[PDB]
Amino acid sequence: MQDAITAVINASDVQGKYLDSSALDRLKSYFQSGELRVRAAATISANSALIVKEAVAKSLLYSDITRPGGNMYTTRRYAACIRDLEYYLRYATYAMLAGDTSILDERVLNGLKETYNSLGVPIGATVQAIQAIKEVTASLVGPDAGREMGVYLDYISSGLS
């Protein structure tokens, strides 16, 4: 993984130059938004269980998905799916802190779509669940930090499609 900081540094080293003013600006913008990210993380951490429960009951529990035969059917798969949502929330919370999505590409998305495909895990329903998480966390984190988390929750989402 890589911070937005290291992200900026690398973008400059690839050009063999010291940090531009445009580079210092990216850096300044990341630093001043730190408190907001940490505070968001602290909340998303003390509420990770509730955020998942509510998003499940508000997206997935309004669909046929658990009727036997269902992809969400059997206690094993139910938990398997709840566990994925937890992963999304945690790693999206990993990414927001970092202001970079490299952790998602490296630890969450690599071969994720192919695995779901050969498993029959519906991508449509997972995407809908993630959006429910986007929404439920925004209500706890505020509109400002909510939008920032959305970026990362969306990223995972638009990576499986």
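Residue numbers run from 1 along the displayed sequence.
As listed in the deposited structure, the average C-alpha B-factor of 56-64 and of 130-138 is greater for 56-64. In this entry, 68-76 shows the higher mean Cα temperature factor of the pair 68-76 and 84-92. Among the modelled residues of its chain, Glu106 has a C-alpha B-factor that falls in the highest third, as given in the PDB entry.
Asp100: CA B factor lies in the lowest third for its chain, per the PDB record. In the deposited entry, the Cα temperature factor of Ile44 sits in the middle third of values across the chain's modelled residues. Placement of the Cα temperature factor of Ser158 within the chain: highest third of the modelled residues, per the deposited record. When the modelled residues of the chain are ordered by their C-alpha B factor, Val151 lands in the middle third.
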